[PDB]
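Only one structure is covered here, and it is reproduced in the block below.
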Number of protein chains: 2
Amino acid sequence: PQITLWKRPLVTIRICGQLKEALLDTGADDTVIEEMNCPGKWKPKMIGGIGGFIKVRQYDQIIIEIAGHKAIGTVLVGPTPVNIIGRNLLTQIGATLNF
Amino acid sequence: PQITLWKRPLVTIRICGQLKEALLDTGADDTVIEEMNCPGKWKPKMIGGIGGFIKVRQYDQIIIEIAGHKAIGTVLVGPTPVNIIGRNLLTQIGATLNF
């Protein structure tokens, strides 16, 4: 598709057998999703943004669908105000910026 | 241009006389730049993001040149980790996410 930027570029994602809404975020190096329970090996991590840093759990080789596109990568889980799809996953669904 | 996201989508901008480097950020509603002086009246506001909120100064109808493209609108100057170009200007230059 072509997402235009008048409204937040929100998209449906299936992670861990659960459908959710996430933001297509070219500004994020990484992907961050609200507190799940999907078990797995994970390493602790702190990611920074505007107002400071939050603690997250880093899972590796996680499967996701992003608006119907299958992807596989590092997802970070933690108290994020909105589910964010960063560049690690945007590259995998072939997303580009154009103007 | 078409901009892939293997690297951070950074661009040169021209704001309030200074040349600077900024991130084309489709997750940001607003455009926030590291602290610098711009002339004119500004009003204090507060913006959120991961990590929480920060106090910023709002400048209206500011000319910004983004990667050779002209925009004129709101710029929030404050303590951001990185200069970011949000949807309020990305729409001005005709920016769209494509995949």
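All residue names refer to the structure tokens as shown: chains lettered A, B, ... in order, residues numbered from 1 in each chain, ligands numbered from 1 in order.
By chain and then residue number, the residues within 7 Å of residue A:21 are residues 10, 11, 12, 13 and 83 of chain A, counting only C-alpha atoms and disregarding those fewer than 2 positions away in sequence.
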For the selection just defined, write its residues with C-alpha atoms to a file, as a PDB file, in the first residue's frame.
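Here's the written file result_26.pdb:
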```
ATOM      1  CA  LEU A  10      -1.324   2.654  12.312  1.00  0.00           C
ATOM      2  CA  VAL A  11      -1.419  -0.897  11.101  1.00  0.00           C
ATOM      3  CA  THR A  12      -2.631  -4.286  12.360  1.00  0.00           C
ATOM      4  CA  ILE A  13       0.080  -6.706  13.513  1.00  0.00           C
ATOM      5  CA  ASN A  83       3.109  -0.295  19.855  1.00  0.00           C
TER       6      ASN A  83
END
```
For residue A:71, work out the shell of residues within 9 Å, counting only C-alpha atoms and skipping chain neighbours fewer than 3 positions away, then give it as number ranges by chain.
A: 62-66, 89-90, 92-93
With N, CA and C atoms kept, could you save the residues just selected as a PDB file, in the first residue's frame?
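Full text of result13.pdb as output:
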```pdb
ATOM      1  N   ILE A  62      11.697 -13.194  16.765  1.00  0.00           N
ATOM      2  CA  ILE A  62      10.256 -13.260  16.940  1.00  0.00           C
ATOM      3  C   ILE A  62       9.605 -13.079  15.580  1.00  0.00           C
ATOM      4  N   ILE A  63       8.550 -13.862  15.355  1.00  0.00           N
ATOM      5  CA  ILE A  63       7.702 -13.781  14.161  1.00  0.00           C
ATOM      6  C   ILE A  63       6.578 -12.745  14.355  1.00  0.00           C
ATOM      7  N   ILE A  64       6.329 -11.964  13.307  1.00  0.00           N
ATOM      8  CA  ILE A  64       5.261 -10.969  13.282  1.00  0.00           C
ATOM      9  C   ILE A  64       4.653 -10.910  11.900  1.00  0.00           C
ATOM     10  N   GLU A  65       3.371 -10.572  11.827  1.00  0.00           N
ATOM     11  CA  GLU A  65       2.776 -10.117  10.577  1.00  0.00           C
ATOM     12  C   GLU A  65       2.565  -8.615  10.681  1.00  0.00           C
ATOM     13  N   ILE A  66       2.885  -7.871   9.626  1.00  0.00           N
ATOM     14  CA  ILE A  66       2.695  -6.411   9.637  1.00  0.00           C
ATOM     15  C   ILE A  66       1.870  -5.980   8.422  1.00  0.00           C
ATOM     16  N   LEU A  89      12.295  -3.993  11.566  1.00  0.00           N
ATOM     17  CA  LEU A  89      11.208  -4.726  10.908  1.00  0.00           C
ATOM     18  C   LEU A  89      10.696  -4.045   9.641  1.00  0.00           C
ATOM     19  N   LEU A  90      10.810  -2.723   9.555  1.00  0.00           N
ATOM     20  CA  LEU A  90      10.315  -2.018   8.374  1.00  0.00           C
ATOM     21  C   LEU A  90      11.119  -2.393   7.120  1.00  0.00           C
ATOM     22  N   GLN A  92      12.310  -5.250   6.541  1.00  0.00           N
ATOM     23  CA  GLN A  92      11.906  -6.615   6.184  1.00  0.00           C
ATOM     24  C   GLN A  92      10.585  -6.693   5.407  1.00  0.00           C
ATOM     25  N   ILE A  93       9.709  -5.700   5.578  1.00  0.00           N
ATOM     26  CA  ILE A  93       8.483  -5.653   4.786  1.00  0.00           C
ATOM     27  C   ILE A  93       8.660  -4.720   3.604  1.00  0.00           C
TER      28      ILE A  93
END
```
Just how far from atom CA of residue B:72 is atom CA of residue B:96, in Å to one decimal?
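Going from atom CA of residue B:96 over to atom CA of residue B:72, I get 18.2 Å.
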Show me, as number ranges by chain, every residue of chain A with an atom at most 6 Å from chain B, counting only C-alpha atoms.
A: 1-5, 25-27, 49-54, 87, 91, 94-99
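Distances to residue A:33 were evaluated for A:67, A:56, A:45, A:61 using only C-alpha atoms, and the minimum falls at A:56.
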Gap from atom CA of residue A:30 to atom CA of residue B:31 - Å, one decimal:
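We find that atom CA of residue A:30 and atom CA of residue B:31 lie 20.1 Å from each other.
Residues of chain B that DSSP places in alpha helix (DSSP H), based on the backbone of this structure, are residues 87, 88, 89 and 90 of chain B.
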Going by DSSP on the backbone, which residues of chain B come out as strand (DSSP E)? List them as a compact mmCIF listing (two decimals) with N, CA and C atoms, in the first residue's frame.
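Ended up saving to part15.txt:
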```
# COMPACT_ATOMS: atom_id res chain seq x y z
N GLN B 2 13.59 8.20 -2.99
CA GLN B 2 13.22 6.99 -2.25
C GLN B 2 14.29 6.70 -1.18
N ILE B 3 13.83 6.54 0.05
CA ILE B 3 14.71 6.34 1.18
C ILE B 3 14.38 4.99 1.81
N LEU B 10 18.27 10.07 7.94
CA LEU B 10 18.69 11.40 8.31
C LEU B 10 18.81 12.26 7.07
N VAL B 11 18.59 13.56 7.25
CA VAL B 11 18.72 14.55 6.20
C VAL B 11 19.24 15.86 6.79
N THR B 12 19.86 16.68 5.94
CA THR B 12 20.21 18.04 6.30
C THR B 12 18.95 18.87 6.23
N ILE B 13 18.80 19.81 7.17
CA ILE B 13 17.73 20.80 7.13
C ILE B 13 18.29 22.19 7.31
N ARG B 14 17.48 23.18 6.94
CA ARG B 14 17.80 24.57 7.26
C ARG B 14 16.74 25.17 8.14
N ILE B 15 17.13 25.46 9.37
CA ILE B 15 16.19 26.01 10.32
C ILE B 15 16.84 27.20 11.00
N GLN B 18 20.63 28.15 10.89
CA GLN B 18 21.58 27.06 11.08
C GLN B 18 21.27 25.89 10.13
N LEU B 19 22.32 25.25 9.60
CA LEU B 19 22.19 23.93 8.95
C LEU B 19 22.27 22.85 10.03
N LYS B 20 21.43 21.83 9.93
CA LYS B 20 21.41 20.78 10.96
C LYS B 20 20.95 19.45 10.38
N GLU B 21 21.15 18.39 11.15
CA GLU B 21 20.85 17.04 10.71
C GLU B 21 19.62 16.55 11.47
N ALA B 22 18.64 16.01 10.75
CA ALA B 22 17.37 15.62 11.36
C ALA B 22 16.81 14.31 10.81
N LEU B 23 16.01 13.66 11.64
CA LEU B 23 15.49 12.35 11.35
C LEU B 23 14.08 12.47 10.81
N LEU B 24 13.85 11.92 9.62
CA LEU B 24 12.51 11.83 9.07
C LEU B 24 11.73 10.77 9.87
N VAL B 32 10.45 18.13 16.41
CA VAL B 32 11.16 18.64 17.58
C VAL B 32 12.65 18.77 17.28
N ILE B 33 13.23 19.93 17.56
CA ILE B 33 14.65 20.18 17.32
C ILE B 33 15.37 20.54 18.63
N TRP B 42 7.21 32.70 20.92
CA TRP B 42 6.99 31.27 21.16
C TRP B 42 6.16 31.09 22.38
N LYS B 43 5.42 29.99 22.43
CA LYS B 43 4.64 29.63 23.63
C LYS B 43 5.11 28.28 24.21
N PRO B 44 5.25 28.20 25.54
CA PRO B 44 5.67 26.92 26.11
C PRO B 44 4.59 25.84 26.01
N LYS B 45 5.03 24.65 25.60
CA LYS B 45 4.17 23.48 25.52
C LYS B 45 4.91 22.29 26.15
N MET B 46 4.28 21.12 26.13
CA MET B 46 4.90 19.89 26.62
C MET B 46 4.52 18.71 25.75
N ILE B 47 5.52 17.94 25.35
CA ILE B 47 5.27 16.83 24.46
C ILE B 47 5.74 15.53 25.10
N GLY B 48 5.08 14.45 24.72
CA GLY B 48 5.45 13.14 25.20
C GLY B 48 6.12 12.31 24.13
N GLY B 49 6.60 11.17 24.58
CA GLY B 49 7.19 10.16 23.73
C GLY B 49 7.58 9.08 24.70
N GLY B 52 8.71 9.62 28.45
CA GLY B 52 7.79 10.52 29.12
C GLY B 52 7.73 11.85 28.43
N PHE B 53 7.62 12.91 29.23
CA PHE B 53 7.33 14.24 28.71
C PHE B 53 8.50 15.17 28.90
N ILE B 54 8.58 16.19 28.05
CA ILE B 54 9.57 17.25 28.19
C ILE B 54 8.94 18.58 27.83
N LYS B 55 9.48 19.65 28.40
CA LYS B 55 9.01 21.00 28.17
C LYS B 55 9.74 21.51 26.94
N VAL B 56 8.98 22.09 26.02
CA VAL B 56 9.48 22.59 24.75
C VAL B 56 8.94 23.98 24.49
N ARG B 57 9.57 24.71 23.58
CA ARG B 57 9.08 26.01 23.15
C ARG B 57 8.51 25.90 21.75
N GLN B 58 7.26 26.34 21.59
CA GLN B 58 6.59 26.21 20.30
C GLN B 58 6.75 27.46 19.45
N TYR B 59 7.42 27.31 18.31
CA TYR B 59 7.46 28.34 17.27
C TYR B 59 6.48 28.00 16.14
N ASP B 60 5.62 28.95 15.78
CA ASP B 60 4.67 28.80 14.67
C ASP B 60 5.23 29.38 13.36
N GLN B 61 4.60 29.02 12.24
CA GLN B 61 5.01 29.45 10.90
C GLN B 61 6.52 29.67 10.76
N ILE B 62 7.30 28.64 11.06
CA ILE B 62 8.74 28.67 10.82
C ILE B 62 9.04 28.03 9.47
N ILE B 63 9.84 28.71 8.65
CA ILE B 63 10.37 28.13 7.42
C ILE B 63 11.41 27.08 7.78
N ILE B 64 11.23 25.87 7.24
CA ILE B 64 12.22 24.81 7.32
C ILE B 64 12.42 24.32 5.91
N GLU B 65 13.67 24.12 5.52
CA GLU B 65 13.98 23.42 4.29
C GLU B 65 14.46 22.03 4.69
N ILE B 66 13.75 21.02 4.20
CA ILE B 66 14.05 19.63 4.51
C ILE B 66 14.54 18.95 3.25
N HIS B 69 13.56 20.52 0.17
CA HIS B 69 12.13 20.81 0.07
C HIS B 69 11.70 21.83 1.09
N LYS B 70 10.83 22.75 0.69
CA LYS B 70 10.37 23.80 1.61
C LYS B 70 9.15 23.36 2.41
N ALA B 71 9.20 23.62 3.71
CA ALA B 71 8.04 23.54 4.62
C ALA B 71 7.92 24.86 5.41
N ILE B 72 6.72 25.16 5.90
CA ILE B 72 6.51 26.31 6.79
C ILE B 72 5.43 25.97 7.80
N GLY B 73 5.86 25.73 9.03
CA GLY B 73 4.95 25.44 10.12
C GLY B 73 5.63 25.29 11.46
N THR B 74 5.02 24.49 12.33
CA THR B 74 5.36 24.46 13.74
C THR B 74 6.58 23.60 14.03
N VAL B 75 7.48 24.19 14.80
CA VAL B 75 8.69 23.56 15.24
C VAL B 75 8.74 23.72 16.77
N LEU B 76 8.99 22.60 17.45
CA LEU B 76 9.04 22.55 18.90
C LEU B 76 10.52 22.42 19.30
N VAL B 77 11.06 23.46 19.92
CA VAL B 77 12.47 23.45 20.28
C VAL B 77 12.56 23.05 21.74
N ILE B 84 14.08 15.64 15.00
CA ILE B 84 13.13 14.77 14.30
C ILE B 84 12.12 15.59 13.49
N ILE B 85 11.87 15.16 12.26
CA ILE B 85 10.86 15.77 11.39
C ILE B 85 9.58 14.91 11.44
N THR B 96 5.34 10.00 2.01
CA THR B 96 4.50 8.81 2.21
C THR B 96 5.33 7.55 2.48
N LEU B 97 4.79 6.68 3.32
CA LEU B 97 5.34 5.35 3.53
C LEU B 97 4.77 4.42 2.47
N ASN B 98 5.65 3.62 1.89
CA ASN B 98 5.30 2.76 0.78
C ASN B 98 5.87 1.36 1.02
```
Rounded to one decimal in Å, what is the spacing between atom CA of residue B:36 and atom CA of residue B:16?
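Rounded to one decimal, the two atoms are 8.6 Å apart.
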